[PDB]
Amino acid sequence: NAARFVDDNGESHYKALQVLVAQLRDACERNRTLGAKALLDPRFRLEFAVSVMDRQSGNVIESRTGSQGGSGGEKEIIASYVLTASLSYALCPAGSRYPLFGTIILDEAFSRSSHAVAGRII
Amino acid sequence: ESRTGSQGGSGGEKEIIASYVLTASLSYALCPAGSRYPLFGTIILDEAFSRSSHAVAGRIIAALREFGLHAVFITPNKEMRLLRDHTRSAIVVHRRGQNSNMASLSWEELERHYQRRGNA
Amino acid sequence: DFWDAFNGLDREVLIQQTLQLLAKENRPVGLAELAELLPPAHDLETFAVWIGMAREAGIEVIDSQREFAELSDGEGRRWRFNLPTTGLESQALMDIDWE
Amino acid sequence: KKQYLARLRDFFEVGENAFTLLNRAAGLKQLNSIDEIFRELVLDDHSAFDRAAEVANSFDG
Amino acid sequence: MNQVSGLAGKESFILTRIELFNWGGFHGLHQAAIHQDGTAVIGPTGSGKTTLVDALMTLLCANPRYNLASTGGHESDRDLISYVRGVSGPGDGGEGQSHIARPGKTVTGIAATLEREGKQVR
Amino acid sequence: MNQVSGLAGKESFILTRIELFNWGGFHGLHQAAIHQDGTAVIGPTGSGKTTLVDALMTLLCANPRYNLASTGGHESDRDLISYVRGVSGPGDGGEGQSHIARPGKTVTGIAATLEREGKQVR
Ligand SMILES: Nc1ncnc2c1ncn2[C@@H]1O[C@H](COP(=O)(O)OP(=O)(O)O)[C@@H](O)[C@H]1O
Ligand SMILES: Nc1ncnc2c1ncn2[C@@H]1O[C@H](COP(=O)(O)OP(=O)(O)O)[C@@H](O)[C@H]1O
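Structural data, given as structure tokens:
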């Protein structure tokens, strides 16, 4: 951006663009490094975190800010619930709270959670 | 079959062979130099069998027994039948509030018989 | 194996029968006493639930005092479970919510 | 199949992303921390690893 | 069938007891007895099974990978400090320290006994 | 419990049938019904379950990921060609070059029915 304002017949602008494209190619060559993925993948530039709150008390009661820190069952519960919410939102036509395509297929959804927590997912 | 002919149904034989090979590798690693038996013969495996069927799981348990490995299996109250058939103690772990705790339990087969007053 | 996995301990029915039994006796019952009164068809599978009972309602369970229970399975082989000592009570159990 | 999929989208009033997520929902077994569930299950790729190559070639010219 | 099971102890060492003190969510003193014929650790999700195994693994391996079963061979979820302090969950996002159960001066003890033809090593 | 059961099929389309003809290992014509209160597909491992899921996903998606249940993380082993031809790669023992069930001229049809308040969409 700074070089775009220089009056040198597109020399500084060319150099800065060269640096940027070199960065882009470096990322492309190592197309699975965390840095490259963050640089060139929309869903890698931002983190993700879940927070369980109180229905009436709005203060966060338990905030997993990534914070893996969880047993297999807890992670399975969180993932199943989040996927269910995502599917519900996706299948719901815009402006409607009831999906029109109401069938969803799960394949060995639950394997790390006890029978008591699986019922909650269902 | 120079190459594994087939499985026992969706990687059955493949899973059995992989588990057996890894058990043999663990036994060899734990077997001291020029030793037939591993000095450290206890193995801990969390989530004992979450992706393995009963028919295969019995096979892996038998394999662990054969190579002289005493294993403790961790499961979330699942696959109780084979664990009970192939073990003799259970550490029920339960967490309440912010604290967890344990409670041991054990059982043993009385010599008695398979069944009395009937076919033997 | 499909058939064996088909039939298993349905813990909701077990919970219902157990809490009804505790209400009927309305006395602190040990694990072996419960096994005698209630014949488990799955051996330890049931016991854990009962233990999950005692520690879910705060009923402390003692491991130093070891009670015992002799049970015969379907094929007739008899086994001696060395259960711990518990104080299951109906009031506390019915107090705590069941999933 | 493109026309048939467009007809399905019109009938069920959902974009292709909905059905792609429905398909990905059958592979939920291999899951990990919320980060991986979000970056590999929902919100399909839409990455720009291929456009970068075209930009690089144009810059080479 | 029971004749083969006697091989344990007669051949080499097998673990038989685990002692825990202020480890993870295990407040106070806890003791677990391991049968020579094999043992099972069972209990609903959100329990001490992973914590109990983590203590033993810390005892043996120089560099333990905690919560390997849930992490699936990826970066270790937790560490020694977290287990010692008894951290339960990420712990909200407003400090609070309610997740940590041993924030101040505290001590944790972890012990494991192995038997071999009567000879015991702790 | 039952009262909520009636909500499904009222404001949404719910799958209520699947038909297959020479699909995967389902030689000939097979029909499977689905209940409006959820359904479970059960059987010995490796009989047909993932084949059913893949048939439905083919009916639904443009580039379905076949066997996402087990091959998740890497490229799927199966493809549409194999399902139409009914190869049996996994199942071997006398495998005569993959046991192409239908090598010659063949036709395979897959149909899925969805219902909502008496309105059918196949
Ligand atoms: N470092 C930690 N951070 C957060 N929670 C932890 C940590 N260590 C243990 N815990 C808690 O202790 C329990 C350990 O998981 P656990 O129940 O034993 O595994 P599983 O899901 O198989 O049952 C979890 O509830 C977890 O919240
Ligand atoms: N297109 C195919 N390619 C390879 N094997 C196939 C195909 N269709 C069917 N099979 C065979 O039929 C069986 C399908 O097993 P399946 O039930 O679908 O997997 P899963 O265990 O996940 O339920 C396997 O033995 C497989 O070898």
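Residue numbers (the deposited numbering), protein chains in the order written: chain A, 915 to 1036; chain B, 976 to 1095; chain C, 400 to 498; chain D, 184 to 244; chain E, 1 to 122; chain F, 1 to 122. Ideal placement from N, C-alpha and C gives every residue a C-beta, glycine not left out.
Next on the checklist: With a threshold of 7 Å between beta-carbons, can residue 1076/B be considered close to chain A, or not?
Outcome noted: Translated into the one-based positions of the second sequence, residue 1076/B becomes position 101. Answer no: the Cβ-Cβ gap between residue 1076/B and chain A never drops below 7 Å.
Next on the checklist: Could you tell me the alpha carbon to alpha carbon distance between residue 432/C and residue 61/F, rounded to whole angstroms?
Outcome noted: Here residue 432/C refers to the residue found at position 33 of the third sequence. Here residue 61/F refers to the residue found at position 61 of the sixth sequence. Cα to Cα, residue 432/C sits roughly 58 Å from residue 61/F.
Next on the checklist: Quick check: residue 39/E and residue 1062/B, are their CB atoms within less than 7 Å of each other?
Outcome noted: As a working mapping, residue 39/E is identified with position 39 in the fifth sequence. As a working mapping, residue 1062/B is identified with position 87 in the second sequence. Cβ atoms of residue 39/E and residue 1062/B: closer than 7 Å.
Checklist entry - Could you give the C-beta distance for residue 78/F and residue 103/F, rounded to a whole number, given that I count them as a contact under 8 Å? => result Residue mapping note: residue 78/F aligns to position 78 of the sixth sequence, counting from 1. Residue mapping note: residue 103/F aligns to position 103 of the sixth sequence, counting from 1. With 8 Å as the limit, residue 78/F and residue 103/F do not qualify as a contact, their Cβ atoms being about 17 Å apart.
Checklist entry - Which parts of the stretch 1028-1085 of chain B are runs of the alpha helix (DSSP H), unbroken and 4 residues or longer, counting only runs that do not cross its ends? => result 1029-1041, 1055-1060
Next on the checklist: Report the start-end ranges of each alpha helix (DSSP H) in the stretch 61-109 of chain E that is 4 residues or longer and not cut off at the edges.
Outcome noted: 68-71, 80-85
Next on the checklist: Can you tell me whether residue 22/F is buried or exposed? The criterion is at least 16 other CB atoms within 10 Å of its CB, across all chains shown.
Outcome noted: As a first step, residue 22/F must be located in the sixth sequence, where it is residue number 22. So residue 22/F counts as buried.
Checklist entry - CB of residue 47/F to nearest heavy atom of ligand 2: below 6 Å? => result In the sixth sequence, counting from the first residue as 1, residue 47/F sits at position 47. At least one heavy atom of ligand 2 is nearer than 6 Å to the Cβ of residue 47/F, so yes.
Checklist entry - Since residue 184/D is in the beta strand (DSSP E), which residue starts that stretch and which ends it? => result The residue labelled residue 184/D in the question sits at position 1 within the fourth sequence. Looking at the DSSP string, residue 184/D is not in any beta strand (DSSP E), and its letter there is neither H nor E.
Item to check | Partner residues on chain A for residue 1052/B, Cβ-Cβ distance less than 9 Å | outcome: Translated into positions along the second sequence, residue 1052/B becomes position 77. By Cβ distance, chain A contributes 1028, 1029, 1030.
Checklist entry - Taking one C-beta from the stretch 1047-1061 of chain B and one from the stretch 427-443 of chain C each time, how about it: are there three or more such pairs within less than 8 Å? => result yes
Checklist entry - Are the CB atoms of residue 941/A and residue 930/A nearer to each other than 7 Å? => result Here the question's residue 941/A lines up with position 27 in the first sequence. Here the question's residue 930/A lines up with position 16 in the first sequence. Going by C-beta atoms, residue 941/A is not nearer than 7 Å to residue 930/A.
Item to check | residue 45/E vs residue 971/A beta-carbon contact at 7 Å | outcome: Looking up residue 45/E in the fifth sequence gives position 45. Looking up residue 971/A in the first sequence gives position 57. Against a cut-off of 7 Å, the Cβ pair of residue 971/A and residue 45/E comes out as no contact.
Item to check | Assigned exposure category for residue 919/A - 16 Cβ within 10 Å defines buried | outcome: Within the first sequence, numbered from 1, the residue matching residue 919/A stands at position 5. Counting Cβ neighbours within 10 Å, residue 919/A comes out exposed, since fewer than 16 surround it.
Checklist entry - What distance in whole Å lies between the Cβ atoms of residue 65/F and residue 76/F, which are believed to be in contact at a cut-off of 8 Å? => result In the sixth sequence, the residue the question calls residue 76/F occupies position 76. In the sixth sequence, the residue the question calls residue 65/F occupies position 65. About 5 Å separates the two Cβ atoms, so the contact holds.
Checklist entry - In or out: residue 106/E buried (at least 16 other Cβ within 10 Å) or exposed? => result Translated into positions along the fifth sequence, residue 106/E becomes position 106. Counting Cβ neighbours within 10 Å, residue 106/E comes out exposed, since fewer than 16 surround it.
Item to check | Proximal residues of chain D, C-beta to C-beta of residue 939/A below 7 Å | outcome: Locating residue 939/A in the first sequence gives position 25, counting from the first residue. 239, listed in chain order.
Checklist entry - For residue 451/C, which residues in chain B fall below 7 Å Cβ to Cβ? => result Here residue 451/C refers to the residue found at position 52 when the third sequence is read from its first residue. Ordered by position in chain B, the residues that pass the 7 Å Cβ test against residue 451/C are 1069.
Checklist entry - Taking Cβ-Cβ distances below 9 Å as the criterion, which residues of the stretch 427-449 of chain C are in contact with chain E? => result 443, 447
Checklist entry - With a cut-off of 7 Å, does the C-beta of residue 18/E fall near any C-beta of chain C? => result By one-based count along the fifth sequence, residue 18/E stands at place 18. No - not a single Cβ of chain C is within 7 Å of the one on residue 18/E.
Item to check | Contact set between the stretch 210-226 of chain D and chain A, restricted to residues whose Cβ is under 8 Å from the partner | outcome: 210, 211, 212, 214, 215, 216, 217, 218, 220, 221, 222, 224, 225, 226
Checklist entry - Given a limit of 9 Å on CB to CB distance, which residues of the stretch 996-1026 of chain B reach chain A? => result 1021, 1022, 1025, 1026
Checklist entry - Alpha carbon to alpha carbon, what distance is there between residue 20/F and residue 1065/B? => result Position 90 of the second sequence, counted from the first residue, corresponds to residue 1065/B. Position 20 of the sixth sequence, counted from the first residue, corresponds to residue 20/F. If you take the alpha carbons of residue 1065/B and residue 20/F, they lie about 47 Å apart.
Next on the checklist: ligand 1 and residue 78/E: does any heavy atom of the ligand fall closer than 6 Å to the residue's C-beta?
Outcome noted: Mapped onto the fifth sequence, residue 78/E falls at position 78. Yes, since a heavy atom of ligand 1 falls inside the 6 Å radius drawn around the Cβ of residue 78/E.
Checklist entry - What do you reckon, is the C-beta of residue 86/F under 6 Å from a heavy atom of ligand 1? => result Counting from one through the sixth sequence, the residue named residue 86/F turns up at place 86. False, no ligand heavy atom lies under 6 Å from that Cβ.
Checklist entry - Taking the alpha-carbon positions, what's the residue 1031/B to residue 986/B distance? => result Locating residue 1031/B in the second sequence gives position 56, counting from the first residue. Locating residue 986/B in the second sequence gives position 11, counting from the first residue. Answer to the nearest angstrom: the Cα atoms are 10 Å apart.
Checklist entry - Which residues mark the beginning and the end of the alpha helix (DSSP H) in which residue 927/A is found? => result Locating residue 927/A in the first sequence gives position 13, where the first residue counts as 1. 926-943 is the extent of the alpha helix (DSSP H) around residue 927/A.
Item to check | Residue(s) in a DSSP beta bridge with residue 115/F | outcome: Locating residue 115/F in the sixth sequence gives position 115, counting from the first residue. Beta-bridge pairing links residue 115/F to 14/F, 120/F.
Next on the checklist: Let me see if you follow: with CB-CB separation under 7 Å, is residue 204/D close to chain F or not?
Outcome noted: Locating residue 204/D in the fourth sequence gives position 21, counting from the first residue. Not one chain F Cβ lies under 7 Å of residue 204/D.
Checklist entry - residue 1026/A and residue 990/B look like a contact to me (Cβ under 8 Å); what is the Cβ gap, rounded to whole Å? => result Numbered from its first residue, the first sequence carries residue 1026/A at position 112. Numbered from its first residue, the second sequence carries residue 990/B at position 15. With 8 Å as the limit, residue 1026/A and residue 990/B do not qualify as a contact, their Cβ atoms being about 18 Å apart.
Item to check | Three-state class that DSSP yields for residue 452/C in the structure shown | outcome: One-based indexing of the third sequence puts residue 452/C at position 53. Three-state DSSP puts residue 452/C in a helix.
Checklist entry - Less than 7 Å separating the beta-carbons of residue 196/D and residue 1013/A? => result Taking the first residue of the fourth sequence as position 1, residue 196/D is located at position 13. Taking the first residue of the first sequence as position 1, residue 1013/A is located at position 99. Not in contact: residue 196/D and residue 1013/A (Cβ atoms no closer than 7 Å).
Checklist entry - Between the C-alpha atoms of residue 468/C and residue 409/C, what's the straight-line distance to the nearest angstrom? => result In the third sequence, counting from the first residue as 1, residue 468/C sits at position 69. In the third sequence, counting from the first residue as 1, residue 409/C sits at position 10. In a straight line, the C-alpha of residue 468/C is about 22 Å away from that of residue 409/C.
Checklist entry - Start and end of the beta strand (DSSP E) containing residue 28/F? => result As a first step, residue 28/F must be located in the sixth sequence, where it is residue number 28. Segment 26-33, the beta strand (DSSP E) holding residue 28/F.
Checklist entry - Going by DSSP, what residues sit across from residue 1019/B in a beta bridge? => result Here the question's residue 1019/B lines up with position 44 in the second sequence. Residue 1019/B is bridged to 1047/B.
Checklist entry - Just checking my contact of residue 207/D with residue 958/A at CB under 8 Å: how many whole Å lie between their CB atoms? => result Locating residue 207/D in the fourth sequence gives position 24, where the first residue counts as 1. Locating residue 958/A in the first sequence gives position 44, where the first residue counts as 1. With a Cβ gap of about 17 Å, residue 207/D and residue 958/A do not count as contacting.
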